[PDB]
Structures are given as C-alpha cells and as structure tokens.
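Descriptive structure summary
Here are the chains, one letter per residue:
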Amino acid sequence: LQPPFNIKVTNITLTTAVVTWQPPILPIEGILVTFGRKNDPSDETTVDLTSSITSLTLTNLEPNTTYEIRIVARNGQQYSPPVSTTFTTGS
Amino acid sequence: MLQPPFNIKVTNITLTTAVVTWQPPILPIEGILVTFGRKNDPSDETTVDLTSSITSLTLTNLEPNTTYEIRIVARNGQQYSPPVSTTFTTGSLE
Amino acid sequence: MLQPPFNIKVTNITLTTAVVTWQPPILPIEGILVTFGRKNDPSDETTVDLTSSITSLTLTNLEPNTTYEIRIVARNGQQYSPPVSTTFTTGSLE
Amino acid sequence: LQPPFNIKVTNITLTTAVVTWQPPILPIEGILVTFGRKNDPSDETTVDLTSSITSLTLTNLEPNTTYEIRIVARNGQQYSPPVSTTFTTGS
Amino acid sequence: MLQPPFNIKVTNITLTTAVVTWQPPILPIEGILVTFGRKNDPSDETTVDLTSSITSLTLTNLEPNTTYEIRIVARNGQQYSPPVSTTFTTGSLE
Amino acid sequence: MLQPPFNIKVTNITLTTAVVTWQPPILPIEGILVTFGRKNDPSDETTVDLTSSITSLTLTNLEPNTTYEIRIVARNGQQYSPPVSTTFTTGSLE
Amino acid sequence: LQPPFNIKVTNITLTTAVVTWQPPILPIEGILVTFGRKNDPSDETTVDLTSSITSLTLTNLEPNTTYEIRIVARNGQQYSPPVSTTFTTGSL
Amino acid sequence: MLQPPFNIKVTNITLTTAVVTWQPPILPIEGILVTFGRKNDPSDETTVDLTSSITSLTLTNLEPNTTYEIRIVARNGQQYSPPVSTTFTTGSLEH
Amino acid sequence: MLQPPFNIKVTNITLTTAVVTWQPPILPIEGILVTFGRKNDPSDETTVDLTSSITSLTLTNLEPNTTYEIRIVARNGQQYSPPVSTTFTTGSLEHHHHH
Amino acid sequence: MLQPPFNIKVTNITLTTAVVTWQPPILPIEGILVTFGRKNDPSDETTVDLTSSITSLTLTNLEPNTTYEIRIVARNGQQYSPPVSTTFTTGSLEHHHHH
Amino acid sequence: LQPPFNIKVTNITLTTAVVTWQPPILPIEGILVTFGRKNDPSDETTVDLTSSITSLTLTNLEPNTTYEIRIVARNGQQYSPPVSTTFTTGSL
Amino acid sequence: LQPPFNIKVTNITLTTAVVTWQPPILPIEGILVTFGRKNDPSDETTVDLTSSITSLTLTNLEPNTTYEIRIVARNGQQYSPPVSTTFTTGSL
Amino acid sequence: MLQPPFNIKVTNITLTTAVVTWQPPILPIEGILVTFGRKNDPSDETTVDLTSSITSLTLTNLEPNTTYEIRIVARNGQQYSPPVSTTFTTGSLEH
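Residues numbered from 1 in each chain as written, not as in the entry; some residues may be left out. Chains lettered and ligands numbered in written order. Part of a larger assembly, values for the part shown. Heavy atoms only, no water.

- For this deposition, the record names X-ray crystallography as the technique by which the model was determined and cites 2.4 Å as its resolution.

Right, dumping it as structure tokens:
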C-alpha cells in the first residue's frame, strides 16, 4: 500500500514519551500504532487512529526499558509495511 | 458511576492544528474515547478508541477559523463515564 | 496506577532563582522525585530523590532569561506515578 | 573538606518549617541534609541535594517537638564537618 | 496522613476586616485550627480551635494596609494535617 | 458527611436567562436539590428536586439587571450534603 | 543425577491446575520448578523447593491457555536434565 | 531426600486375595512401611513395617469387586521417602 | 500494614505426608513464605519461597505420630505480614517395627 | 483481581442428592459458574451458568457412598475469580442389592 | 416431551424464595428456568440447567412484588410446553 | 521481693516471638514487662500484668533485629530488681 | 499470686519406672496437684492431689523409650500457683 515515515520519539522521561510521525502521501482510511517492550510480543498494545492525527504522548511505561513503536497505514484489506523505531525510558 | 477523565486542555492551536491533553480517572480502565469535530455538527464527529495509557493527541487538517468540540469518555466494559469536554477555535488568516 | 503529586507552583522567580512547591498524593509514599533543567534539553536534566515529607525547594544558579521544565514523580517501590509538570522562565536583564 | 553554613529555620508552624542555608565556597558534588527528633537516632531522615538548592520546606513533623538539622557537603569520599541547628514546632 | 482543608478563600476585605472561608476534608474530623496574624510575625499569631461544622469567620480589628497570613489545619486526635494557607492585604487609606 | 456537588458554572447569561451546570458527587445519590432566586431574598427562593442524572437547567423569566444566588445540594435519604453555590447577575438594558 | 518423573497435571479448571511428580530414585537436596505460557519466554516463573515437596497447585492462570512446566533436581552444584509436561486450561 | 521403593506390582488377584510385590530402594534403608486399604476410604488403611529382605506379601480377606490402594514408604533414621503408589481391584462375584 | 495470607488448611494427613492450602491476600504481593517443621523444635524448620500464584503444597518426609507447625507469610518489598499458622499431627502406626 | 464467591456449604446429603449454597461476591458480577462431579474423575464434570441472584441448587442423580467436588467461580467480562470449592460424600447403603 | 410439574415456591421472605419442581416422567437432557416480575417483559432472566437439578434459591428480589417462574424441558431440539407458577414476596 | 526467672524467648520468626517466664518463689501482686530494640531508648514499651499471666506473644517486630525484654515484680510499692534476656528475629 | 513448688527432679529412671521428687512451697498450702503423662499427648494426663507432707512418688507401668512430662501445682483456697514442669524419658529396650 503506502506507509508513514519519520517516526520520532521526544521528551523521554521516566514513564512517558512523545511519539510523532508523518502521514502517507496516498489517501488511507486509518493508521495503526503499536508499542511495547521489544522482547515481549505478548506486551504489545495497539490503537487505530485517523490519518489526521500526528502524535501521541505515552504514559505508564516502565522505567529504563526499551520499547519499539510500529506504525502501519491501512486501506481496505491492504496494509503498508511498518515504519518502526526504538527508545528507552530514563533510569 | 465510573469516574470521568479530567483536566482537559487544548494547546498550541494554529490555523489548522491543536494539541489535546487530559488525565485518566483514578481507578484503572480499559480505554478512553476521544470524540472531536466541528462544534454542534452531529455529522462531522470523529471518534478514536485509545488505551488509558495515552494522554495526548495532536490534530491536523483542522479547518482555519473554526470552532471545535472535544469530548473524552472513559470506558470500562459495559460502562461509559459521563464526558468531560471543551471548545476551541482555530486561528484565522484574519 | 499510583496517584501523582499535584498542584505544582513556581514562585519568587528572579534572574537566577525560583521556588518550587507541590503537594504529595493522598496515600503514603516512599519518595518524590523532582527533575529540573533547561526546557527540552535532555542533556541538562537534574534529578533529586526526596522524602514525601518535603514540599518545596529553592533553586539557585539558574541562568537568566531561560526556560525551565520541572517534573515531579511519586515513587512507591516498583512503581512511579505519571508526572505533573510545569514550565517557567527566569527574569532577564532585559 | 568544606562545609555549608548559616543554617536558618523559618516559619515554624505546627507541623511544618522552612530550612535555608548557604553553599560551600569550594566546589562540591552534593549536599546531605538530615533531620529528625534530637533524642532519637533511629528517626533521622536524609536527602542528597545539589549544591545549587538552598532551601527546603518540611511537613509532617510532630507538634511541639525538638528537631535537629545537619547539613554536610561531600566531594568524592570526603565529607565536611556538619553544620547543625535546632528548633521546636508549635504547641 | 490526614487530608487537609482545602479551597481557602478570603473575601470582603476592607480597611480592617476580612472574611475567611474554606471546606473541610472528605473524612470526619474532631476540629479545625485556624491561625491568623501579621504575615511572617511569629509573635503576632492567634489560633482558634473550631468544630469541623464551621466553615467561615469574619475578622475585625485588622490593621489597615497590612499583610496577613492564614493557615488552616484539620486535627483528628494525635494527628494534624499539613496546612492550607493564603495571604491577603487589608485596604489602605491610600 | 455526604460529598457535595461541585464545579458549579453559570453561562449564557442574558437579560432574562441563565444556564446552570454542575457535576454530581463521586458516590451514587438519590437526588439533587437546586435552589435559586434573588440574592439574599429568603422570600424569593425556588427549589427543584432532581435525579442525579441531570446536570444542567436553563432558567428563564429572570428579571433584568438582578443578582441571583444558586445553591446545589445532594441528598441521599436522611442526609443532605453541604451546599455548593455561586452568584450571578443578569444583563441590563444599561 | 536422576530427575523426577511421571510429571502429572491434574484437576485442570479455567484458571488453576494441580502439578504433581514422583521424586527420583536417588536422594536430592532440592528441586526447581518452572512454569509459564508455552509460547512466551518473558512470562516464566521459577521456585526452588525441598525435594520433600511433591505437589503444588497453580492459580490465576489464563483461560484456555497452554502452559509448560519444567522440573530439575539439584545437589547444590549438580543438576539433572529437565522433565517436562504441557497442559491447557479450560475455556467455556 | 530418602531413597524410595518402586515397581510395585499386584498379581494373582482373586475375589478376596492379592499378591503385592516391589523393588527395594537403591540405597540401604532400615525399614519399609507398606500401607493398604480401600481407595475410597481414607480411614481404612492398615500398615506393617518390614525390612528390605522381604519383597512380597499376599493379602487376604479382601472384599469382592473393590478398589484398593497400596502405598510404600522407606524409612532410615527419621527420614521417610516420598510415598509410592498403585491401586488394584479385586474380582467380582459371578452369581 | 500488609494483609497476611489466610484460611490455611491442612488436609489429607497420613503417616508421613500432608496437604497444605491457603489463599493469598487480596492485593498483589512479591512472594509467599511457607515455613514448616516439628512444633516442639527450632532446629527443624524449612522455609520455601513461592509466588502468590501458588496456593498449595503436598509435604512428604514427615515423621509418623508427630506434631507439625506451618506458618505462611506475605512479603512485599521488605515488609512481612504477621504469619498465619496451624498445627496438625500425622497419623500413627498400630503394628510394631521389626527387630 | 475479581473477588470470588464464598462460604460454600453442602447440606442435606442423602444417598443420591445434596444441597449446595453460597454467597455472591460483594460487587455485582455477570454470572456464577457452578461445576460439580466425582472428585476422582475428569470425564465427569457438569458446569452450570447462573445469575448472581441464585444462591442455591439441589443436586440429584448422585451415586451413593461417593465423593463429590463442587467449585464456584465468579465471572465479570472475560475475567474469572479463583474458584471456591468443597468436598462431600453421599450417604451409603446398609442392605444389599438384588440378584 | 413431558414438562416438569408440581412447581412449588417455598420459604418466601422479603427478598428471597425457594423454587422446586418434580422432573418429568420421561428423561430430559436439560431444563430452562425463567423468572422475573410478572408485569414486565424487559425484566426477565433465564438459566439453562441439567435435569438433575431440582431446586434453586432466588435472592435480591424486590419486596412485596409478584414474580412468575416458567420452566421448560428440552432434548436439544425438542422442547415441552411450559409449566408456570407465580408468587409474591413479603412486605412488612 | 523475688523476681521472675528462667525468662525464655521461644518460637522466633521474622516478625514475632514468644516470651515466657517462671513466676517468683514468693507471691506477687503484679508484673511489669518491657520490650524494644536493644540499641534504642526511645523505642520501648511496657505493660503491667497480673502475676497469673506467664507468657505473651509479640508481633510486628522488625526482621533480623535484636530486642531486649525486662520484667519486674511488684507489690504496689515494692519492686524487685529486673530480669533480662535479649533475642534476635529471623532475617532470610 | 500463690506460692509455687520447685526443684522437681526425676531419678532412678528404668524402662517403666521413675522416681519423682520436689520441694514444697515456702508458704503453707492446702494441697499439691501432681500431673503426669506422655509429653506428646495432651490427652494422656493423670492427676493426684497430695499434701506438702509428701515429697516423692514412684511411677510405674510406663512405656519404654517414651518422653513424659510432670506438672506440679500448689493450691490454697481457690488459688493455684503457676505450674512447674520437667520432662524425662524412660530407658529403651536392648534387644
């Protein structure tokens, strides 16, 4: 299909962080943002957003831990490859 | 009966963007619904289902010099808390 | 899940000093972390671990005409509450 | 090493009090402030601050009780002699 | 550990009078202590022991153009809650 | 002992109308009493018994350029919570 | 050093299960028991017990989920290869 | 922490008779406790203390078509091996 | 102040084994400590450290006709709830030992 | 974390019937699950789904002189409280069957 | 397919009642029990049970209120006509 | 006036301990028992009891901590010298 | 609040015999309760009421290699001294 890009994590505190990204050039119906500990696939949490939202602020993360964020665009039953990034919370 | 989100705030309002922030209720919840769209335009209402661990969104593609309403509800199974809302207007070419 | 400190206030701001005050959560806690430093400068962040029985600090040696962020977290063992923060700017020689 | 000085206690209420002091003339890494009932060494509570903080406000003290405050500067494994003071809360 | 009184307000301030109002904590208490007197004058401090069912006092004989501090504590046996206070200045002949 | 309604607000005040809004207490209640009428006129006081699921009323036939007081109490059987009130004045032909 | 055998998961319900095993032919100074969702390495917990304990009841399990249980015998420094069994909780 | 017995087998089961046999522990022990009774009944049990030089018993006077359980425990000093078990069922009456 | 485990029950007592079961306190905890041994004895005491997920153990290597004490403690951080305990006595023999 | 039903009591036991009663957790729930069958058996298990309004059942078709297990679970959404259970044994016969 | 009979509502109090019935002449794979305020269709609840259960106790009822109880037997696909009874709770 | 003797601290755990003592040769109208952390005067508590009580169980003690227990007999005005013992709680 | 006995000693312990001896209280009393039985068994106990003019008893018919406990209580009016104890163990069989 057609994915997002330029995922960037800001203001990483002890248990919070700001995620920002750029929407796809092609029209899409929605966007799937997934986050959680990098070595725990049963920890992932996902939200479905509109193409007009460009950032989230996350809370309740665990201190000094490495998380991975994946953002995938969707249109019908077509999903774009994910754009991901990683970051670790303060210690 | 469920406690609603509180202290909703809208910042960094520009011609076409706005940042929304709020705090979850005291007790644990399954999700938080955020509804936004042109003030009093039942037609133009968008809703997003979030995890209570998210506390802010940045909206884009908002139309200049327009009034928008935002309502935030906390859900926990068969229950929805009353909403907490606010109204804001985007900057204008003036 | 832990309730955060609230009602943070910054007073007596001068060219180089500021007074910070806040209130602890309802329930008992082991300590309160206060993080301060130049706004959005991940490099310049200082953290202090305090006893919940302390409610105010006076900062000195702050650089004139500068924006500072302060975040206050409450800890109780394996848990940290979400933070409550505020932003303030020191006076200037203007 | 090199200690603080001029410890002064202000606005002594029923369960609160304001402690202020002057930092060392020589560069130090941190500062240790200890407080509690004068006749109870198992009651002392301590905090480690930076040389730039010059006052604390204390709460949850017991009414009409005598407390002692000690402030010690540190640099490496070198600690300065303590500067202390005493005060009693309202009755 | 005890919850303090909150939302203290001072109104109808004149050259020599002021009205003080507040709300008791959530849980039941034995009494509420109200301390008033010239700002930062440990000598000039008056304290009154009240029943939690009282929520306002009108002070008179206050000296014109003067700053006053008021602290309100809630007591319940062997415990006193941290205080909630405010500062106000009486009108002046100006 | 019962928790009172809170955050009372009066909006869209005109020459003769006003909108009143508030939030119920945390815990469940049987009803909410809303008392309104000319400020400090014991004679002119109207009271309405509502279900806690109602959070706003629009008053009409208010007299121009007049001060009105509104008190809201929460009842739950043999108990009434202390009131939360506010004062407002209707617009004037000026 | 011989391991336990005949590991048996009994009385399986929606959220609990009973785990029992027959201690080795040779005496052992202790036993290590591990359990958790079969398809997950992060979720895994272990307890060290005296060889005199032969059964344990697990609670707070997730419904209709497959779990794996590993048990190893020890004598301070020497351990034995593990003994394993897997089971699934009720569903409805 | 004490060596256990094993390989308990029950043969020649009749209406009221049964032959019980087992393998003594690998390490020497002072005695072996052999317990038996109806499986249903936690209060029926009968125990005899034997030595490892004995490896088989013939039980009699049992009831027809009944389920019995046998438990064996080895003892040495104040230590007792974890119990080893097996159950069997006596034959049923024809008529 | 940290609620202790409770409703401890010793069941299935035999010559040398017994079953112990309980219930964890209402709020989550880091671990459960189960200590057991002869009552009239301090030297003989075994402590086991469990996750609050576990609510039962089957003990073996118990001496016949002997009295035992079991205590269960809840641990959170460095705090320990007062213990909850019980006593029981293993069944005894009717026939004699050998010569 | 969802408080379970409790104070389960088996009463009026006969050759083939028994009465079971309990108390629902303090806070409302979607349903109560009562499972019952022979204790020494996995194949034999009947689960019934009740409203929290119901606090008792009378069971029949129980085999004489047999041991039974009853477990009660509280369900809210997709969460299940740990079960609360008990055991009992139906009365037995003294006279024989026929030929 | 024969329905239960002799439905009896016993031990009626202010908020509880005991419901018992005699199972059919013919074996049945199950039974459906329904109860609620007689004058109300919205308020009505049903539970499916094994025919081996013959009594049930209702709690949290409303005082001095009339309730109706319906019971129907089934064999997966075939049901029987219902059997009904009505009762009233205590008042004071 | 003779004091108690053979003070014994038994069943010591992580946070509790059992205290027992043998009353004097001569009758006594009462007994005072004091306990607290050995190295601390501020932390110390005392209870007055009837001489008919011979044992008491302490709870909420601090882990791996040394405590001292003092007991004194009395007859209203006359007391006896104290009898002391010290013990330490479990640690892990 | 009542004077107690003391210095209970158990001598000449055999397989089933034991001599018990004690010291009467300092203050006069009306009687002395001497209780004995297996220490393990809280329900075995046997009690005899004696006078201070008697200071020793010989127990017989005891069981071999068993641990017994003796408790003595002095009584005067409705007052009873705090119990004094000691335990001992009968000899064991050779063969």
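Additional details are given in the paragraphs that follow.
1. Thoughts on the overall build of chain G
- A tally of regular secondary structure across chain G gives zero helices and eight strands.
- Order of helices (α) and strands (β) in chain G, N terminus to C terminus: β-β-β-β-β-β-β-β.
- Taken against the 2.2 N^0.38 rule, which gives 12 Å for 92 residues, the C-alpha radius of gyration of chain G at 13 Å falls within 12% of a compact globule.
- Structurally, chain G occupies a C-alpha span of about 40 × 25 × 15 Å along its principal axes.
- Residue burial in chain G is summarised as follows: out of 92 residues, 50% are buried.
- Considering only contacts within chain G whose residues lie at least 6 apart along the sequence, 61% involve residues at least 24 apart.
- Surface summary for chain G: the accessible area is close to 4100 Å², and the carbon and sulfur share equals 45%.
- Separation between the mean location of the 5 positive side-chain charges and that of the 7 negative ones in chain G comes to 7 Å. (Helix = DSSP H or I, 4+ residues; strand = E, 2+ residues; numbered from the N terminus. Rg over C-alpha atoms; globule rule 2.2 N^0.38 Å. Buried < 20%, exposed > 50% of the residue type's maximum accessible area, 1.4 Å probe, protein only. Contact = heavy atoms within 4.5 Å. Areas by Shrake-Rupley, 256 points an atom, 1.4 Å probe, with all protein chains shown as cover. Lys, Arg positive; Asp, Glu negative; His and termini not counted. Charge placed at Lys NZ, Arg CZ, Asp CG, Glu CD.)

2. Focus on the overall build of chain A
- Across its full length, chain A carries zero helices and eight strands.
- Written out in order from the N terminus, the α and β elements of chain A read β-β-β-β-β-β-β-β.
- In terms of overall dimensions, chain A is globule-like: its C-alpha atoms have a radius of gyration of 13 Å, near the 12 Å expected for 91 residues.
- Here chain A holds 91 residues, and the buried ones make up 49% of them.
- When contacts within chain A are restricted to residue pairs at least 6 apart in sequence, long-range pairs at least 24 apart make up 60% of them.
- Between the centroid of the 5 positive side chains of chain A and the centroid of its 7 negative side chains there is a distance of 6 Å.

3. Side note on the interface of chain A and chain B
- Across the contact, 15 residues belong to chain A and 16 residues belong to chain B.
- Both sides of the chain A and chain B interface together cover about 1200 Å² of buried area, and 61% of this is carbon and sulfur.
- Interface area lost by chain A to chain B is led by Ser-52, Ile-53 and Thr-57 of chain A, which between them contribute 33%.
- Counting every contact that joins chain A to chain B gives zero salt bridges.
- Counting across the interface, chain A meets chain B through six residue pairs in polar contact.
- Contributions of two or more residues to the side of chain A that touches chain B are made by strand 4 (45-49) and strand 5 (53-58) of chain A.
- With six residues, the single largest contributor to the side of chain A that touches chain B is strand 5 of chain A.
- Split by residue class, the side of chain A that touches chain B holds six nonpolar, eight polar and one charged. (Buried area = accessible area lost by both parts, 1.4 Å probe. Salt bridge = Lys/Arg side-chain N within 4 Å of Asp/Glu carboxyl O. Polar contact = N/O pair within 3.5 Å; in protein donor to acceptor, adjacent residues only side chain to side chain. Nonpolar A, V, L, I, M, F, W, Y, C, P; charged D, E, K, R; others polar.)

4. So, unusual backbone geometry
- A positive phi angle, close to 60 degrees, is found at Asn-61 of chain I, a residue other than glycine.
- Secondary-structure assignment places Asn-61 of chain I in the loop between strand 5 (54-59) and strand 6 (67-76).

5. Looking at the packing of aromatic side chains
- According to the stated counting rule, one finds 13 aromatic pairs over all chains in the structure shown.
- Between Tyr-68 of chain F and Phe-88 of chain F, the aromatic rings sit 5.7 Å apart at their centres with planes inclined by 20 degrees, giving stacked as the arrangement. Residue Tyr-68 of chain F is located in strand 6 (residues 67-75), and its partner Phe-88 of chain F is located in strand 7 (residues 84-89); the two are separated by 20 residues in the primary sequence.
- Judged by its relative accessible area of 6%, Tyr-68 of chain F is buried.
- The interplanar angle of 20 degrees and the centroid separation of 5.6 Å between the aromatic rings of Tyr-67 of chain K and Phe-87 of chain K together place this pair among those described as stacked. Note that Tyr-67 of chain K is positioned in strand 6 (residues 66-75) and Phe-87 of chain K in strand 8 (residues 83-88), a separation of 20 residues in sequence.
- For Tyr-67 of chain K, a relative accessible area of 5% gives the class buried.
- Classification of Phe-87 of chain K by relative accessible area gives buried; the value is 6%. (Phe/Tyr/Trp six-rings, centres within 6.5 Å; stacked < 30°, edge-to-face > 60°.)

6. Things to note about the interface of chain G and chain I
- Across the boundary between the two partners, chain G contributes 14 residues, which contact 15 residues of chain I.
- Around 1100 Å² of area is buried between chain G and chain I when both sides are counted, 60% of it from carbon and sulfur atoms.
- When the buried area of chain G at its contact with chain I is split by residue, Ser-52, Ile-53 and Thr-57 of chain G rank highest and sum to 37% of it.
- Where chain G meets chain I, there are zero salt bridges.
- For the interface between chain G and chain I, the tally reads six residue pairs in polar contact.
- Those elements giving two or more residues to the side of chain G that touches chain I turn out to be strand 4 (45-49) and strand 5 (53-58) of chain G.
- Per-class residue counts for the side of chain G that touches chain I are six nonpolar, seven polar and one charged.
- Alignment of strand 5 of chain G against strand 5 of chain I, held across five bridges, turns out to be antiparallel. Within strand 5 of chain I, the position partnered with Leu-58 of chain G by the bridge is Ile-54 of chain I. (Pairing = 2+ DSSP bridges.)

7. A look at the sheet that holds strand 6 (residues 67-75) of chain C
Residues and elements named next belong to chain C.
- Spatially, four strands are ordered 4-3-6-7 in an open sheet, and the strand pairing comes out antiparallel. Two strands in the sheet have a free side with no partner beyond their single neighbour: strand 4 (46-50) and strand 7 (84-89). Neighbouring strand axes in the sheet, compared pairwise and without regard to direction, differ in orientation by 20 degrees on average.
- Across five bridges, strand 3 (residues 31-38) lies against strand 4 in antiparallel orientation. Along strand 4, the bridge assignment pairs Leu-33 with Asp-49. (Axes fitted to C-alpha atoms, helices over the stretch in contact; angles between N-to-C directions.)

8. Details of the arrangement of the chains
- Of all C-alpha pairs spanning chain E and chain I, none lies closer than 14 Å, and the two are not in contact.
- A minimum C-alpha distance of 15 Å separates chain F and chain J, which share no contact.

9. Topic: the environment of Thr-85 of chain G
Residue and element names in this part refer to chain G.
- Along the chain, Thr-85 turns up in strand 8 (residues 83-88).
- Residue class for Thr-85 comes out buried when judged on its relative accessible area of 17%.
- Along the chain, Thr-85 and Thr-65 lie 20 residues apart, while their C-alpha atoms are 14 Å from each other.

10. What about the sheet that holds strand 2 (residues 18-23) of chain I?
- Spatially, 1(G)-2(G)-5(G)-5(I)-2(I)-1(I) is the arrangement adopted by the six strands of the open sheet, whose pairing is antiparallel. Only two strands of the sheet have a single partner each, and these edge strands are strand 1 (5-10) of chain G together with strand 1 (6-11) of chain I. Here the strands of the sheet are splayed against their neighbours by 15 degrees on average, with no regard to which way each runs.
- The sheet contact formed by strand 1 of chain I and strand 2 of chain I spans four bridges and is antiparallel.

11. Topic: the side chain of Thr-58 of chain B
- Within the element layout of this structure, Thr-58 of chain B appears in strand 5 (residues 54-59).
- On the basis of relative accessibility, which here comes to 16%, the residue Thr-58 of chain B falls in the buried class.
- Among the polar contacts made by the side chain of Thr-58 of chain B, one reaches the side chain of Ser-55 of chain A at a distance of 2.5 Å.

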